[PDB]
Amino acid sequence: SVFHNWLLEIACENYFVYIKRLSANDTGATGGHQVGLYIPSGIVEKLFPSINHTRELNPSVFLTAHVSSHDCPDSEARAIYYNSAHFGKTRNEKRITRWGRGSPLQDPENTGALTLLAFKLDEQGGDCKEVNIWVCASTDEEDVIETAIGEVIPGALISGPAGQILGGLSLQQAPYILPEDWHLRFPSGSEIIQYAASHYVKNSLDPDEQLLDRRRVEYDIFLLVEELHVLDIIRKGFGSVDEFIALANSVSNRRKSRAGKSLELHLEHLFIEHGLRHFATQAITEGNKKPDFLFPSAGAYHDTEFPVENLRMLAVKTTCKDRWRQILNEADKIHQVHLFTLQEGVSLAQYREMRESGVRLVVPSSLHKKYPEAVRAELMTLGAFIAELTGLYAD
């Protein structure tokens, strides 16, 4: 239980933690020369203040990178500010690179992996000189941390003091007219989603774009609805510490449960809204598998008269890394299965494994740029997947 102990160590020491899932580009999976692990600009001024300027092209500094997740020698990694936008070119991003040969952070097969970089604050206002990292090597490890703090979505850039980041509940509340009744009752996930779609996006008739915009709106109104209801109880206080913790746990489970059901609820709504009215979500196939989405219906799937080559299923895996093979056993009849994912890319080798198993990836349009070229070319946008189905069942 090394990871567990590592988490306990970090959570109570002076560390500034940054959590993210490795993108195809982070690992060099998108090909070419390694550019490094992306770091949020809003974190550079705190950790590497000396490279946060445009006086010279590509300023950088070194820091010792200790990897606790894999048996790797410590190395002098390089935090760097790709500055060329201020020197006649185009770059404008900060990254940490040169992890050393064989390092998990430079391994394309770790694309999609949940990674935690615990930076040691410099007691002098200077640049951070050491980072302790953990690249989750399996789903078992990821379950350890995500069970407590929640699942980390691809693209998420989480950072803050270790204690608050690893505590269980996530801080941060910044960004509407909520219906009267929401001030009295706590709306369901579907209700929030139907309100987000029906009341705020509408600036895009494209499914891929609608999904991303509505996901952003859902996040904000849930936060507002949550704030209303929680602020009320919270203001009255509690009789004991454990009545206090019990509520925190209640609040935490609600967020986790809703975060987990969100994506599938949005897709269900979009399929309906775009004319694709032929599909089952609570549909059993063989034994007790039940794929996330089955087209055109549970009935047609079990129908001896209905053509098999016209059946389709769509498994939804926010993060598909090591969480996709369990889909090949969900529909005996369907040999070409579709997988919807929000992952910021997959390696060529990962994709080859998928291709060989008859898996076809459906990815939100704007996320395609995150995939290696060879893989990108075979991706399906959400809009195209909907179109393909909205034709096969035209009758």
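Counting begins at 1, following the sequence as shown.
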Deposited-sequence gap flanked by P175 and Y176:
4 to 9
For the C-alpha atoms alone, is the average B factor greater in 269 to 277 or in 195 to 203, going by the entry?
195 to 203
Quick note on 184 to 192 and 289 to 297: per-entry mean CA temperature factor is higher in 289 to 297
Per the PDB entry, which option out of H53, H338, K370, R352 has the greatest Cα B factor?
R352
Residue set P307, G155, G150, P161, per-entry CA B-factor max assigned to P307
Lowest, middle or highest third: where is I334 by C-alpha B factor in its chain?
highest
Could you tell me which third, lowest, middle or highest, the C-alpha B-factor of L328 occupies within its chain?
highest
How does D122 rank on Cα B-factor within its chain, lowest, middle or highest third?
highest
Which third of the chain does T27 land in by C-alpha B-factor: lowest, middle or highest?
lowest
By its CA B factor, does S357 count among the lowest, middle or highest third of the modelled residues in the chain?
highest
